[PDB]
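Structure 1 and structure 2, given next as structure tokens, are two forms of the same protein chain, each shown alone.
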Structure 1
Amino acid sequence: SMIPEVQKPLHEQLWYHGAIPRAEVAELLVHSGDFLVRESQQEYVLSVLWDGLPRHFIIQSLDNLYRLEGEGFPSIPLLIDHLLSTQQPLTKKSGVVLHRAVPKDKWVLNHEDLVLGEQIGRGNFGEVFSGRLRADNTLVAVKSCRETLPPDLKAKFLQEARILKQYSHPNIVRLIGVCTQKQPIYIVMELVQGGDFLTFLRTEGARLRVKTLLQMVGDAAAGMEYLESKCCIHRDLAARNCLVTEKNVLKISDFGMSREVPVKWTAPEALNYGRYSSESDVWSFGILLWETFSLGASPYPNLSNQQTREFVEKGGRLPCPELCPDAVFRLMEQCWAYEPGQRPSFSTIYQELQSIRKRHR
């Protein structure tokens, strides 16, 4: 007891995907004749899979009527339902016939489902805002994609959402939703209330006893053990990409680079040969441990990026921070073993941090 679906506004249609990039359309259509409707970079486009490729048709509008090449209709849903029913080729020259509408997935949210609050910085692709779900005031982080990035990079942006949809762990930041209906597109995450771990160490560091710091890097080890168990390589592990909850729990984030430039956190073999692995993540973990005990000082402050590569390639490593227990430094040195196979696992790291922590008041 509602109204016919075809009488609902375009923007309510399940097969209307809004501002999804042309690139992303290829990931959503499976079988011949799958289609969806979307906005273009601005008129409307009917994207339909044909011979394994998306084909894109401009829906024209003249004197309030929508059409491809024939009979015009008062709305896009009416046009869609007519093309679907008559099994008409969309245009003669293409010969393409619609077969099934592909709905938005369970994660898509409308822009109006969010209330933006204060800007909280910038990530690799745009501003990030604190905000709330309008429905229930749940606190969220809204990561925006700068509307003038290359449509090729709206892909690397939406890739973090694709990954996170499949992950669930107490030390990994949780995805809430994806706002791809309007520009600018947003990825919506739980708001981790204490901010990023770098600013935390720099602002709150004086209060963080060794026992506490060990609990927080223990959390980062548990998160990374989880990613290792999913064959997920983070590639950008650093304090700036860890977040701190209001109860001091650490969560790993920033899965844009992740896969199933920050030279100073990156393993030699990853820089030299492009070989990224969970072993190169353990290298980055050693650097994170250094940041942790240096109250967020920057690593290798005497060295350019290039000098860091060269320094490391002749056996240079970071020195032991004043606050860093000797046992933690010995662990860090294992994490930065030149031979990647000689580095400890995340399980081993977690175990040794937990053990060291019982020796601190």
Structure 2
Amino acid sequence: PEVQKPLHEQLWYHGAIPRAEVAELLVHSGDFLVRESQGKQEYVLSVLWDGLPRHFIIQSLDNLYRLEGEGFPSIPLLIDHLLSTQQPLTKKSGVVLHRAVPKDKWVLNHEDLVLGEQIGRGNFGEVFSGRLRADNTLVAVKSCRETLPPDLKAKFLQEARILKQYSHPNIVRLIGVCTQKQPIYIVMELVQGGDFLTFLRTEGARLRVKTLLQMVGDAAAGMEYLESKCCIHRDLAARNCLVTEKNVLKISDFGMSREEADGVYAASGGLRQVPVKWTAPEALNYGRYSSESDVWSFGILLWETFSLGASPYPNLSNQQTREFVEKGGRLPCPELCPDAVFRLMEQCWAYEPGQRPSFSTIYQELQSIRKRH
């Protein structure tokens, strides 16, 4: 029976989840969960009341857990008491429990995972290879440095929030989220061939034009899917795409990605290390991100592909690149780039976002070009 299970096996115990996720989960008055305060090193009962989460420290003495009333030898017993009696958590607050909010299917225990070697560094910190102990599934593990500013750490679970919703052959699969203890991890499929930029540079002259077109076609299919889900990626670049053992491309690094039903994300203005040279002018100038700015990014990706991993605007700083683009400046046609592909790239970088092609158009055009290779 449930109440006899340890706290760490309870459906309504959410461990090290951050406050922003708590606020997401607590929807109706009386919705609650129990978690660990990483700072205070105490258990906390978080409950929605008058529209906002309220956080109550669970006291312990003589191995009995309590608030301002009776004590119990376990937190599940305390929770059962409060729920069954409908007693306010404190006389002063009047807060009453109504509904235990359970973990979703994506939560993974730390004990389910073994971390391997570092494979990358992202904006939040290191990315590791790893394995699931139950079956030896190889995984990629995204971590978050503790010293990052609170406002940025609050964005760490965005990649998981987004990828939980998706399933497509050209988008990296989420496996789980390790939020029951610190350190918190996001666990994804391991795409064994690594990043596409390194692939282009390493395999270089071995790659046939037909293969290059299939790989950017994969990217285009991934982007068409994301658009269909109202997802604006914002960080599309060759180095953020991964290559499988069979040279299938998958889009990765969703940390910046935003879901917007009406198709436009207005940036905070506070983003650091913005990928300027991959970003559309309206996105930088006015903070307007959309699938149309992702199309701009896609044009840069196409340039990266057909240059076999050249660095864009190599003789310009980020500020100089913005000034260059405002003057009409664009990247030159790579030697190996078919005329039709360059024409498409040029359309991706139309100054006005409304003049850029759709991802469906891009995918169909790339496919038609490949069929003559």
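Here, rigid core means the biggest group of C-alpha atoms that superpose within 1.5 Å across both forms. Here, residue number means position along structure 1's sequence, counting from 1.
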property	result
Of the candidates 193, 94, 203, 110, the only Cα that travels 2 Å or more between structures 1 and 2, given a rigid-core fit	203
Rigid-core frame, C-alpha of residue 251, shift of 2 angstroms or more between structures 1 and 2	no
Threshold 2 Å Cα movement between structures 1 and 2 at residue 176, rigid core reference	no
Per-residue C-alpha change between structures 1 and 2, residue 238, threshold 2 Å, rigid core fit	no
Residue 149: CA movement between structures 1 and 2 [superposed on rigid core, Å]	3.1
C-alpha positional change at residue 135 between structures 1 and 2 - rigid core reference, Å	1.0
Following rigid core superposition, Cα shift of residue 54 between structures 1 and 2 in Å	0.7
